[PDB]
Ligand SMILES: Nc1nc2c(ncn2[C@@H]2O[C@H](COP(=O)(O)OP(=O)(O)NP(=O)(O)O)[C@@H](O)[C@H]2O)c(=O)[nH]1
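What follows is one chain in structure tokens, specifically the form solved without the ligand.
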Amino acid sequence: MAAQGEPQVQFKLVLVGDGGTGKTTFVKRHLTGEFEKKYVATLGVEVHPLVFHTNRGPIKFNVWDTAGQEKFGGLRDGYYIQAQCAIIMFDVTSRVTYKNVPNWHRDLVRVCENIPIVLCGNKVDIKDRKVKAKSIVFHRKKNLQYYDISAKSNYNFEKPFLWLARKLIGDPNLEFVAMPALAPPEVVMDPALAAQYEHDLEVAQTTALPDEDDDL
């Protein structure tokens, strides 16, 4: 339980989509609150623990952020084996990215068949949207949930996780609870603690607030 990171429950979530969609940025936002401006490719898979507090208690989503560079196939089976839910990400400003969604939601279903999957249309903040919400019909055919999200502006940032939690747990009434604040560590040390801090600081310094089309 503890090894898994499941307070009570742990859910294996596979995050897939084309390169440059914002999968990594989405995960980073949830973990730290920072907005990653720099696009650095994810190689293979990066496993990131994310905990949310709900009405029924804390739940952990072990997010498997996968590489969008990799070709669809049997090579990628390990990532999807025993997945409980998935998020397929596309960029609303890229038609090509949207076109590849059926390929992602084919490779995925080959391994896990029917499991809750949410399609997220990233970068909705940008004014010149190419893939209109009205146009998207893929979700209807495949019985997937669709959410307009913006990593940059945090628009509907928590919705995919919440929806997935509701279906997996089985309570349609599940709601996010703030979570009692736990006192921060004093921080004396230096061995395990050092070096890692610099990485976060750099991300923060580089990041300027994303005013794309916030005004509109």
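A residue's number is simply how far along the shown sequence it sits, counting from 1.
Below: the form deposited with the ligand bound, not depicted.
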{"property": "Touches the ligand in the deposited bound form: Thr66 (any heavy atom, 4.5 Å)", "result": "yes"}
{"property": "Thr42 within 4.5 Å of the ligand in the deposited bound form, heavy atoms", "result": "yes"}
{"property": "In the deposited bound form, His53 touching the ligand (heavy atom, 4.5 Å)", "result": "no"}
{"property": "Residue contact check: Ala165 to the ligand in the deposited bound form, 4.5 Å heavy atom", "result": "no"}
{"property": "Contact at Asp18, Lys38 and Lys152 by the ligand in the deposited bound form, all three, heavy atom at most 4.5 Å", "result": "yes"}
{"property": "Segment that reaches the ligand in the deposited bound form - one of 80 to 88, 140 to 148, 118 to 126, 105 to 113, heavy atoms within 4.5 Å", "result": "118 to 126"}
